[PDB]
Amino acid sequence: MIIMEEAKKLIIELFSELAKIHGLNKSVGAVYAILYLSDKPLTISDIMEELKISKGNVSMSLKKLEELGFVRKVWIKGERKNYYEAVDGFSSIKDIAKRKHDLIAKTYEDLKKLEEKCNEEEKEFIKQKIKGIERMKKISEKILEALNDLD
C-alpha cells in the first residue's frame, strides 16, 4: 500500500492547483490537502514535515484558510501549541455560495432603487451595467440551487 502515499500526492496536487486557480498560493491549497486527509488536528510543525516548507509558508496558508473558512483552530487539553483541522469542506462552500448570493442580490436591489428615481429616458442609461449584475444573480441562484440538491 504505497498506494496511500499516492492517493495523498494526488489530492495535495489537486488542491494546490485549484488554489492557484482561485488566485491563491499553491501552499494554501497544499496545506488544506494535508488537513483534508488528516483524521486528527495538526500543528504548524506537523504540517511542515508533511509538506516540508518554512514555518511561515505554513502559517500564512493557514491564515488564508481561516479567513476562507475551510480550517479552524483547535485546542488540545494539556497542549501549549495551536492545532488546526479542516472544516467540513462542502458545508463551508454552501456558506460562501450564500454570502456571495446575498451580497449580489442586495446590490442588484439597491441598484434598482436608484433606477427608481433615475427614470424616464435615463432609466435606460443604467440598464447596461445593471444587466451584468443581474446575471451575477442568476448564476449564484443556481450555484446555490445546485448546492441544495446534494443534501
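The first residue of the shown sequence is 1; numbering continues from there.
Note on 136-144 vs 11-19: mean CA B-factor is higher in 136-144. Averaged over CA atoms, B-factors in the entry run higher in 117-125 than in the other of 23-31 and 117-125. When the CA B factors of the chain's modelled residues are split into thirds, the value for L68 lands in the lowest one. The PDB entry assigns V87 a C-alpha temperature factor belonging to the middle third of its chain's modelled residues. Remark: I93 belongs to the middle third of its chain, ranked by C-alpha B-factor as recorded. Ranked within its chain, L111 lands in the highest third, by CA B factor from the PDB record.
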